[PDB]
Peer 1: 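Once you've had a glance at the structure underneath, I'll fire off some questions.
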Amino acid sequence: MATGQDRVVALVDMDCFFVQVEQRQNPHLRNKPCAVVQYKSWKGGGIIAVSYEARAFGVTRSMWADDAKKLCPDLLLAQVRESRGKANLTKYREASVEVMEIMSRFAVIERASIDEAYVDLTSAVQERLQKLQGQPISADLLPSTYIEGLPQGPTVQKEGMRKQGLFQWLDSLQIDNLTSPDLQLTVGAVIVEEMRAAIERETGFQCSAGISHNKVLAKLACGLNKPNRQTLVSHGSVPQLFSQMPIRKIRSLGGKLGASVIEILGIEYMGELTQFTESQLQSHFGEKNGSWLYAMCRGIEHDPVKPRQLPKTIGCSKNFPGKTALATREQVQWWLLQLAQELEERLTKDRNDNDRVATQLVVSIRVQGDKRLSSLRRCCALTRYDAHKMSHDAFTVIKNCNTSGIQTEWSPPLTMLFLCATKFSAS
DNA sequence: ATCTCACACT
DNA sequence: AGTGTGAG
Ligand SMILES: Nc1ccn([C@H]2C[C@H](O)[C@@H](COP(=O)(O)NP(=O)(O)OP(=O)(O)O)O2)c(=O)n1
Ligand SMILES: [Mg+2]
Ligand SMILES: [Mg+2]
């Protein structure tokens, strides 16, 4: 049977990313409790990134800054730039590009968010395993690596635990066997140290990293020892790792599916899924899910690292909650034109940098009284990077959503506007 | 109401 | 084509 040990995969995720970006530009904020907010004049603004000094006081994402200062009175704040009446994340997108290009020097990268990327190191490990003869792997090659599940068997501080575990790992390493999966992950972890040293040297940003045999495990491993540390999760660490791992913490199980696994099967931890046959899991959750759950609770997962460093979509949105929803026709025209103008400058930059053009425009709205994130999506042809054409066209395809008999009145008031360029192709 | 992106289902 | 889910 195939033990899900064919690959070496890392996930690298920046530490409190938006905060690091502001702290590098504004040294006043380094090594202090700070957070990043947007739109300051409602409850100090909503918090979108929290530094680790501020997390020690309880400050979280999604809190209002005014409530955040209640937990942490010395908290310093940085506010997202605002342009055309809405958030502008250019600074963070450009800092993201810095990190992704560096990681792209080492292996194939799958950009998975603005601050993290999966790395398929299988080939780079095979290559490294031949350039280093058969010589041992010194602990000095892994100065920030944790071996999950170690130390074991017959120090009271965290670095002491780290070293002892690493020591036990390396001492037990079969450097004889170029094919041993634990050796492979170790070499992968040496490379990830270098990758993270380069990221920090060249950008000033610290980050953490998971190393394992698949994307789900590498991501789990990444969070085990955040910040500024990397974690190797061997296939053999999985049974004890999963035996008390809440199901909701595994990637793609944090929502409705993970809740129904918990409710239907009557279990709390990943490891309890092993009691069920694959056909049982498939009866409850479908053939693809039951099969994915059957393999995943044994540490096995085959989703590949997609070679993709570039977004497939480029989107633009503003929500208009509560009293602020839009009820004029020309109010809806104006905000569409604001969204299309940011879209145009981002699309122009993308065409110049990446040699591709978006060919479809996706317009989406919500209306007060609805429930879900979106209430209505419609598409149209994107033939010119012209903000006025994009907004006019986007209006045309939604203007019948206006149930109002009136001319200039628009309602159910629009709680949300979303424009998204997509279906790119080479140019 | 703290703006984004990917993907499966149909 | 359009909806729903999951995520950072
Ligand atoms: N819901 C979210 C999640 C993240 N983000 C932005 C700001 C985050 O700093 C950046 C990366 O998100 P994140 O990786 O989930 N956690 P972030 O790096 O702050 O902190 P760590 O927990 O990763 O150290 O995405 C956001 O704007 N809205
Ligand atoms: Mg992060
Ligand atoms: Mg992240």
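Every chain is numbered from 1, with letters handed out A, B, ... down the list of sequences. Only this structure's heavy atoms are used, side chains among them; waters, hydrogens and symmetry mates stay out.
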Peer 1: About how many Å separate CD of A:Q5 and CD of A:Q184, when rounded to the nearest 0.5 Å?
Peer 2: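 Here the rounded value is 8.5 Å.
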
Peer 1: For residues A:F395 and A:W410, establish whether the separation of their ring centroids is below 6.0 Å.
Peer 2: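 Centroid separation for A:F395 and A:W410: below 6.0 Å.
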
Peer 1: Could you tell me whether a side-chain N or O of A:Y118 sits under 3.5 Å from a main-chain N or O of A:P304, the two making a donor and an acceptor?
Peer 2: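 Side chain of A:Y118 to backbone of A:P304: no pair is present.
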
Peer 1: Identify which one of A:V238, A:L281, A:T274 satisfies the side-chain contact (heavy atoms from CB on, under 4.5 Å) criterion when paired with A:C297.
Peer 2: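 In the set A:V238, A:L281, A:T274, the residue that makes a side-chain contact (heavy atoms from CB on, under 4.5 Å) with A:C297 is A:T274.
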
Peer 1: Give every residue pair that meets the side chain to side chain donor-acceptor pair (under 3.5 Å) criterion with at least one member in residues 411-427 of chain A, sequence neighbours excluded.
Peer 2: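 Matches after skipping sequence neighbours: A:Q360-A:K423.
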
Peer 1: Could you tell me the boundaries of the chain A footprint on DNA chain B, defined by atoms under 4.0 Å from its heavy atoms?
Peer 2: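 The protein-touched segment is B:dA1 to B:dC9.
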
Peer 1: Students often get this wrong, so: under 4.0 angstrom with heavy atoms, is A:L417 touching a base, only sugar-phosphate, or nothing?
Peer 2: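 It contacts nothing in the nucleic acid.
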
Peer 1: Do any of residues 76-105 of chain A sit with a heavy atom less than 4.0 Å from DNA chain B, and if so which?
Peer 2: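 A:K86, A:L89, A:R93, in order of number.
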
Peer 1: Using a 4.0 Å heavy-atom cut-off, write out nucleotides 1-8 of chain C from 5' to 3' as B (base contacted by protein), S (sugar-phosphate only) or - (no contact).
Peer 2: -BBSSSSS

Peer 1: Output yes when A:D15 and A:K226 qualify as a salt bridge under the 4.0 Å nitrogen-oxygen rule, no when they do not.
Peer 2: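 The answer is yes: the pair qualifies as a salt bridge.
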
Peer 1: Sequence neighbours excluded, which residues qualify as ring pair (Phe, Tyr, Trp, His ring centres under 6.0 Å) partners of A:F106?
Peer 2: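 Here no residue qualifies.
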
Peer 1: For A:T415 and for A:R111, find the nucleotide of DNA chain B with the closest heavy atom, then tell me which residue's nucleotide is more 5'.
Peer 2: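 Here A:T415 is the residue nearer the 5' end.
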
Peer 1: Are the charged groups of A:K32 and A:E53 less than 4.0 angstrom apart, N to O?
Peer 2: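 A:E53 and A:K32: not salt-bridged.
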
Peer 1: Hey, does the side chain of A:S237 reach the backbone of A:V233 with a donor-acceptor pair shorter than 3.5 angstrom?
Peer 2: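 Answer holds: no.
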
Peer 1: State the dot-bracket string of DNA chain C. Criteria: Watson-Crick or G-U wobble, both atom distances under 3.5 angstrom; notation: ( ) intrastrand, [ ] crossing earlier pairs, | interstrand, . unpaired.
Peer 2: |||||||.

Peer 1: Check this for me, if you would: do A:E200 and A:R196 make a salt bridge, where the nitrogen-to-carboxylate-oxygen distance has to be below 4.0 angstrom?
Peer 2: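 Looking at A:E200 and A:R196, the cut-off is not met.
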
Peer 1: Starting from the 5' end of DNA chain B, give me the residue, A:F320 or A:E110, whose nearest nucleotide shows up first.
Peer 2: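 With A:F320 and A:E110 compared, the 5'-side residue is A:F320.
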
Peer 1: Write down the distance separating the P atoms in C:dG6 and B:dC3, rounded off to the nearest Å.
Peer 2: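 Between the two P atoms, the distance is 23 Å.
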
Peer 1: What's A:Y39 touching, base or sugar-phosphate or nothing? Going by heavy atoms closer than 4.0 Å.
Peer 2: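 The answer is sugar-phosphate, as A:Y39 gets under 4.0 Å only of primed atoms, P, OP1 or OP2.
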
Peer 1: Answer with base, sugar-phosphate or nothing: what part of the nucleic acid does A:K323 contact at a heavy-atom distance below 4.0 Å?
Peer 2: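 It contacts nothing in the nucleic acid.
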
Peer 1: Taking the basic N atoms (NZ, or NE/NH1/NH2) and the acidic carboxylate oxygens, is any pair closer than 4.0 Å for A:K219 and A:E301?
Peer 2: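 A salt bridge is absent here (no side-chain N lies under 4.0 Å from a carboxylate O).
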
Peer 1: Is A:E342 salt-bridged to A:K318, cutoff N-O under 4.0 Å?
Peer 2: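 So A:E342 does not pair with A:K318 through a salt bridge.
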
Peer 1: Looking at A:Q368, A:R366, A:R372, which hits side-chain hydrogen bond (donor to acceptor under 3.5 Å, both in side chains) with A:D370?
Peer 2: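 When side-chain hydrogen bond (donor to acceptor under 3.5 Å, both in side chains) is applied between A:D370 and each of A:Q368, A:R366, A:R372, only A:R372 qualifies.
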
Peer 1: Using a 4.0 Å heavy-atom cut-off, does A:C316 contact any base of the nucleic acid, only the sugar-phosphate backbone, or nothing at all?
Peer 2: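 Result for A:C316 = sugar-phosphate.
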
